[PDB]
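A single chain, nothing else alongside it, follows as structure tokens in the form deposited in one PDB entry.
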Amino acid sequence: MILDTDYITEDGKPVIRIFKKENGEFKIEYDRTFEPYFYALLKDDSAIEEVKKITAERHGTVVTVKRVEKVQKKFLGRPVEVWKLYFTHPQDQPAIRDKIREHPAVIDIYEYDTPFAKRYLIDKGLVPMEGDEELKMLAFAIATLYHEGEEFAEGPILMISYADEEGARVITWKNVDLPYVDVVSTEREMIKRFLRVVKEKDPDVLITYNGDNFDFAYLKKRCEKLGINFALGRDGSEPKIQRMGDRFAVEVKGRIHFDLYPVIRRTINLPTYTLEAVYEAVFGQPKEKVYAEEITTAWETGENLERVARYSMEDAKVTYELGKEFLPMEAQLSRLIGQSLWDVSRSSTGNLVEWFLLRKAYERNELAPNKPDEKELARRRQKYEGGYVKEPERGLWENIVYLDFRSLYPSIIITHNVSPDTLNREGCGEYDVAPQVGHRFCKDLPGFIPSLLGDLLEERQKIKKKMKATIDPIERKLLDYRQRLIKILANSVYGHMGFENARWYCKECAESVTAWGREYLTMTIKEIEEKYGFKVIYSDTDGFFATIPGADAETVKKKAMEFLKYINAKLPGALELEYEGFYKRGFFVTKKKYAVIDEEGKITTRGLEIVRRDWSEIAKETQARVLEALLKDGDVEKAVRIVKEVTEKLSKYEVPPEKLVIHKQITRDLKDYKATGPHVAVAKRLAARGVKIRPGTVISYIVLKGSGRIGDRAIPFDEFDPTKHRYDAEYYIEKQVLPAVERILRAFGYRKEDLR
């Protein structure tokens, strides 16, 4: 199983290292033959001699062009004659590429910025994380001595915890009498001890939670001060720091540092992403938090260090469990993209399609288009039309079915051969024409994008079959991961075609896809109402809810089964309207806000406040209860009882203040805010007391009793003292709870007055 790749230098020449795990043991393959290269497009091939003599400067050494090969690749499906420029070392390309672009006779250079070791995974057609090879893992967290107004890592590391299959344990340089605590003297002896434990266990994966930004950085600083060789690398190297936009990530050569924080950021949507919050969300059991002030006071008085030892042990223990939950799927995603788990677990879904496409393009000798320059980025701000959204037949409904298209946009791309290399291609013998936008798409040959999407969705269906037949339990959920990941990857290809900074940007393709989706959807909505007598209640991009007025459920079910047969014969190619589900009732508020109820009894909520992070828990709780009271029982008078009870509780300040917290993210530099809402009024006051407020910070505030601007009297919930503060009951009654339940109960003639 390939685990990562990099390269070292030997007498100037680069050497690819493939970090594998084969037949139970770690091993390193070395390749001294792979040469670095990029392509160049010339006016006349004669100029190759002027450019083969281009020169530049790096490391006090002159970078020159090794050799040049003339090759034929495709660019936009067209036969193009390009010049392959080889170099001796990867670091030659930055030093000389910009000087090459500016030569008179070069139209453009391509694929000039692909990391050498990632280039290798592609050019050699190798796949990380392939095989049944099981990986030995190890989580670790640290405790620190924090004082306000101190430099980062001014204080020592107090505890180092680690967990795996064998259990959780804490090293610490003070006596705590707990069976899982290993005591040493000095923190230098705990760090060397941790190195001893990691080196002995030789784990394939080191799982942290924000170890990209705290744990490894703190360990580094301490190791510099105490003169410790912090050689976690399987080659004996120290952790390597890379830039991650305005952040950092840490490599451990020969291993996979799997930081769970970015992974869980994208995979789960939570109000706050503390280790304790994420653990409760994922496993249903709560995790207790002890704070830095608690930890420092415990360490310097020597008292109650055992609860700090328990916190550190749990940090590692729960970090191992989340590692086991989130790693296998991310290892399947690594397999799909053809990039290392370290990279993929730190990449956006938008970044990954480029890597997948890059690999496919190389498979098909297709010259990857360059990333856009800033002038083209401005030509790419033209907008287009998206999905059709119907104003819901606002109110409550009976016996409704949801019909949705199977992968509407991929079906469209495949069926009509939508690709930048098929758009308005001249001299074809068969075309399809997009509605409204009128873009013609050649069909003589399958295009780049439709070929991959077909291979992808074909593979996904193969996977799902072998899965349902698989006789191994792990391989089952592995295959389950692969096909689930293929579905997400398929429907990010449309988003790519419209993305500002996408290599295969094609606005004409992107708007042709949405145009076809709107035609097909509004057509089926027309046919189901006219031919079959339904009424479409609400329709977003690729589906709709509908029923037959004053009709049975069995009548709605069977007749809808009929309409599916009728409409799927009318639908061309891979388009397919399917029967997603039946629901006994459903309330529809506005566009993007509804909630339906199974005949088994499960409620599904969409877009309403119940699903919103930035709404108080008391409002979401109470609205939920009002939904159940209606969808489950039609008890319009139980719903009003709920609201009157809740408002009475708030007015008596009887509601737990924990339910009144509002979570809003910071998205930019506070310098750059033009409008200051309450959460950025809190933030600006926090930074004024020296708190790091970066993009991503989840402000969590409460509104205290008073008058005037909400922001002027909102405080962080970190600082709510029920003996020194009264929350603003009037705000949470009148500006949170009532407005949320009222949008629903207005359909039955209830004003906010009727809800007390």
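Definition used throughout: the rigid core is the maximal C-alpha set that superposes within 1.5 Å between two forms. Note that residue numbering begins at 1 and tracks the sequence as displayed.
Not on display, but discussed next: the form deposited in another entry.
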Shifts of 2 Å or more at the CA atom, core superposed, between this form and the one not shown: which of the listed residues 364, 375, 196, 466 is the one? 466
After the core is matched up, is the C-alpha of residue 288 off by 2 Å or more between this form and the one not shown? no
After superposition on the rigid core, does the Cα atom of residue 476 shift by at least 2 Å between this form and the one not shown? yes
